[PDB]
Amino acid sequence: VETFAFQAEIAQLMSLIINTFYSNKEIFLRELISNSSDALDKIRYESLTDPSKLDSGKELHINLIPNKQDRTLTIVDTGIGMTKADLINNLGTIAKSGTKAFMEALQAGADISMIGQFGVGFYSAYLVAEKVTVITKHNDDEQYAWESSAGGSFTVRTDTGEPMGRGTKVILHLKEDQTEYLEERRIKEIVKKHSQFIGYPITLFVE
Ligand SMILES: Cc1nnc(Cl)c2ccccc12
């Protein structure tokens, strides 16, 4: 298990997300689904020139999995996945410019729901989750588990668990007062409202 520090701007963005009073928390789901959709667009496009890129899985879909016992809501996709370099450096590096712009916009009237317009919507997961675990597998790399309870640090380890073939699972360990996002009717309401026109089948699992 390796422990890394988030870059200062990213740590600041996560603190803001965690500390700002903002009741419209549901937007986190639209943001994660949109991220899944972009990851699925990526593998689908690369597979046009290299069909073997789908040898790790032909299905392209998004599954939403609530688990009341564990208090988690998991967003699963069979998209392109993330390499170790993406997890420890590249994604955070790219999010720096969007972070600065977003934070500037916030001081100038914008609100949290616009986070996705700045390409840093993944961090909105912290509106609802006290901890986020990400299991991911990219064709060119091993399966990894990234995890963070914010606080300026995250971990990365090679994952020994059930192999996923290819894709990403975002496991949201929900805050005590955010369990409504485990309810079937609440999830459906949010997906219908914000994610109506996504081009991959989204399956809402039940318990
Ligand atoms: C920026 C970003 N987007 N999506 C996912 Cl699943 C991430 C996981 C770890 C770190 C950054 C992420």
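We count residues from 1, following the sequence as given. Both counts, for ligands and for their atoms, begin at 1 and track the order of listing.
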message: Between the side chains of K68 and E183, is the shortest nitrogen-to-carboxylate-oxygen separation below 4.0 Å, so that they form an ion pair?
response: yes

In terms of heavy-atom contacts, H173 and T72 come closest through ND1-CG2, 3.5 Å

For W146, the atoms of ligand 1 under 4.0 Å from one of its heavy atoms are 9 (C), 10 (C)

For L91, the ligand 1 atoms with a heavy-atom partner under 4.0 Å come out as 1 (C), 2 (C), 11 (C), 12 (C)

* Asked: Of the protein's non-hydrogen atoms, which lies at the shortest distance from atom 5 (C) of ligand 1, and what is that distance?
  ->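 Closest protein heavy atom to atom 5 (C) of ligand 1: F122 CD1, 3.4 Å.
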
heavy-atom search around atom 6 (Cl) of ligand 1 in the protein gives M82 CE, 3.3 Å

Only one of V76, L204, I198, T203 passes side chain to side chain contact (heavy atoms under 4.5 Å, CB included) with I62, and that residue is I198

Report task. Would you confirm whether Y22, through its side chain, and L127, through its main-chain N or O, come within 3.5 Å as a donor-acceptor pair? Result ->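 Side chain of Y22 to backbone of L127: no pair is present.
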
